[PDB]
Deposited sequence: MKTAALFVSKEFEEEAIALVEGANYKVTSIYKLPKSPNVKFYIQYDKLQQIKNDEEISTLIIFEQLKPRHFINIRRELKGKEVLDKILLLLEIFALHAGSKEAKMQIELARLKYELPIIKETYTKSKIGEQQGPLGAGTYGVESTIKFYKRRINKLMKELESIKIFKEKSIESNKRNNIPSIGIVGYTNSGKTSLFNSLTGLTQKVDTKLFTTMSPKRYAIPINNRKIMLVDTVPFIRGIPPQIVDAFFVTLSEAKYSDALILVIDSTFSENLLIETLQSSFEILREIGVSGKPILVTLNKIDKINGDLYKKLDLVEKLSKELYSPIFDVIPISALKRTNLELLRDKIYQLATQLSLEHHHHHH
């Protein structure tokens, strides 16, 4: 399932991750029209370009489109799929959804958002949490060897259920707030959690990401559950590791308890994944 993405240079990092995570292939990428169109939001010529390309099956614009935009765009594409930020996020929610209640909440938001468009015409369970593009999915895939979003991997002689929960999202549209939390709250069930953090950030950003990640966990009601913090993407660090490791370790234990451990990793390069496996086992045994 291919896709054409229209995202700003700033949110492009976020969008690409979300798109790929939604089982979509990023076949094309475009900027944001300085002055968005009134009828189609994107310029008509580009729209026709998307229409005239058998290699594109889904148009994705990382913004909130008005019903008239969907009406006109769909009226032009006639056969291809069109998605905005809200529809994209909802699709992702449904993928990570594990409970029926979550399914319904997600579908409810989708319907409420789609109506106006047609109107105007014992095995332990570990939950991997963190912001998108923190390496979460990559970490999950590296451990599983893989879109299950919930795979039980054998470590030593113990079988462990890994759950790639819905990623933390910044700037969540009010419409899908309920659907999001109901989906994320599925993490409360997990016996333990793996908090994934992007190490590439600076100190000011690391502190923010940590405080935000833990804040969100409090918001859903996570308490007393063992949390293993993994400093991911150490392969793309243009600085020092221990300095950030000690910072993260200290700040985490100040913001939450119990903290099982804090280890640096690299989902892509497999760096320290064997150590992670060991720590996951020690946690499972515990």
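- Unmodelled regions of the deposited chain sequence (numbering from residue 1, in sequence order): 1, 123 to 177, 203 to 214, 355 to 364.
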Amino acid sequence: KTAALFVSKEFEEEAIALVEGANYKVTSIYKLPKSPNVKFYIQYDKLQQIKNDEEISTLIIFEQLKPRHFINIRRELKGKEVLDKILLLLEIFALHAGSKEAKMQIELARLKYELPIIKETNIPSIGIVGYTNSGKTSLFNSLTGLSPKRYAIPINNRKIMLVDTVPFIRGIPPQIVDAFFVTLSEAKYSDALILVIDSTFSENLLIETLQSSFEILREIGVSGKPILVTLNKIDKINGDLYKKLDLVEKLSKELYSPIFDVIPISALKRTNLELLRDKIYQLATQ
From here on, numbers count along this sequence of modelled residues.
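- Annotation for 206 to 214 versus 106 to 114: the higher mean temperature factor (C-alpha) is found in 206 to 214.
- Per the PDB record, of the two stretches 44 to 52 and 249 to 257, 44 to 52 carries the greater mean B-factor over its C-alpha atoms.
- For the set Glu101, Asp164, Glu81, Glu91, the PDB entry puts the maximum C-alpha B factor at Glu81.
- Remark: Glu120 belongs to the highest third of its chain, ranked by C-alpha B-factor as recorded.
- Placement of the Cα temperature factor of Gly224 within the chain: middle third of the modelled residues, per the deposited record.
- The entry lists a Cα temperature factor for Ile263 that places it in the lowest third of the chain's modelled residues.
- In the PDB entry, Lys85 places in the lowest third of its chain by CA B-factor.
- In the deposited entry, the Cα temperature factor of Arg74 places it in the middle third of its chain's modelled residues.
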